[PDB]
């Protein structure tokens, strides 16, 4: 490890001697900074012994007023003749040790001598710069590209249940913050106002206030994650402006009357049967706000739904059945118990692999404009499930790889016209052509139930 002048450390065992060195260090630096060129050349760069100017560096003695040159070794001689071993370079204020034959550059209190009077605090209450930050070298982290939000937002604001809700002023009527930069739902409501209402100048304020509110709430890629994020915020804000503490729980644990929960929530039935005896314990009823479908090796959405509602096998060892003691593998099936008014399907296209690896499945999957869910619902007796038909109103598509990668929204408006929303570009588009897209999120609204 690098070493420190033992002589100067030796001097600093004594308190007075230490203070005195630092007074002299400040005074010499003071003089060098407050001295006109001619007085600098004659009194700090003039060798006391040879009377020459700039015979190399000239050093100001730390212990008398002697100045001595380097090139003819007159400070060295001074140091040998009277034992004053320390001097200051009059060009730079740097302290030299003529026994070490080197400068004392690695002592903080000498370098920073202007703080001598308060060193105890300085060195106890502040630390040196870490090695990594000392030069301020760092890339600057932007927000990222924002189309994974754009594209969800377009779907939300062409959603008839959400538009109706926004336009009813219900949040406006109940919000306690009443401003867009602070409340997320206020920001959503502002998007609506810019898009559908009036000014009284880019229709972009809503969006910017919303981006901002989002990141303040959550410091930080995935459109689907942003969908889940938005919907939670919406719910969170219904709970926040509710009269009670008993109702906060019933709404957050049992039954919620928010727009999110009364339009996007269904219920799955997960049945675990014994294949030997038929014990139906246990089966659970769990909510969902979307369904994530597998797509490997599938060409059609109905094939994806089929796979999701097919009978699996649970190999969970150390198992035996309750009534019949069979260690045989338990059958699991997933089935819909309650449908939502709006069914949001997600096509799993992003495999996250280990380390940093990943993969995009670009497989085309046929999706219908009208989708019938009768075959994916649970209950010999005629409780044969009637037609329950949804209509496609929105798609979100992704192009590129997983890391870099761009999103696009499609939305059907009144009269059955489709528009393609590519950030700022909004163009019309035929159904034929929308139905050829690589869907990642599909948005289906309930149309007919027999």
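Numbering follows the first chain given and starts at 1.
Trainee: Quick check on the record: how many residues from the deposited sequence are absent from the model between residue 220 and residue 221 (none, 1 to 3, 4 to 9, 10 or more)?
Mentor: Missing residues, residue 220 to residue 221: 4 to 9.
Trainee: Please say, as none, 1 to 3, 4 to 9, or 10 or more, how many residues of the deposited sequence are without coordinates in the interval between residue 292 and residue 293.
Mentor: The entry has no gap there; residue 292 and residue 293 are joined directly.
Trainee: Averaging only over Cα atoms, indicate whether 306 to 314 or 360 to 368 has the higher B-factor in the PDB entry.
Mentor: The stretch with the larger average C-alpha B-factor is 306 to 314.
Trainee: Would you mind comparing 115 to 123 and 238 to 246 for me and telling me which has the higher average C-alpha temperature factor in the entry?
Mentor: Averaged over C-alpha atoms, the B-factors run higher in 238 to 246.
Trainee: Tell me, please, which of 187, 330, 339, 104 has the highest C-alpha B factor according to the deposited entry?
Mentor: Of 187, 330, 339, 104, 330 has the highest C-alpha B-factor.
Trainee: Based on what the PDB entry reports, which of 215, 376, 229, 350 has the top C-alpha B-factor?
Mentor: That would be 215.
Trainee: Using the B-factors in the PDB entry, rank residue 3's C-alpha atom against the chain and give the third, lowest, middle or highest.
Mentor: Ranked within chain, residue 3 CA B lands in the highest tercile.
Trainee: Ranking every modelled residue in this chain by its Cα temperature factor as given in the entry, which third contains residue 43?
Mentor: Middle third of the chain for residue 43's C-alpha B-factor.
Trainee: Which third of the chain holds residue 346 when residues are ordered by C-alpha B factor: lowest, middle or highest?
Mentor: Residue 346: CA B-factor falls in the lowest third of its chain.
Trainee: Among the modelled residues of its chain, does the C-alpha B-factor of residue 176 lie in the lowest, middle or highest third?
Mentor: For residue 176, the deposited C-alpha B-factor lands in the highest third.
Trainee: Which third, lowest, middle or highest, does the CA B-factor of residue 129 fall in along this chain?
Mentor: Its C-alpha B-factor belongs to the lowest third of this chain's values.
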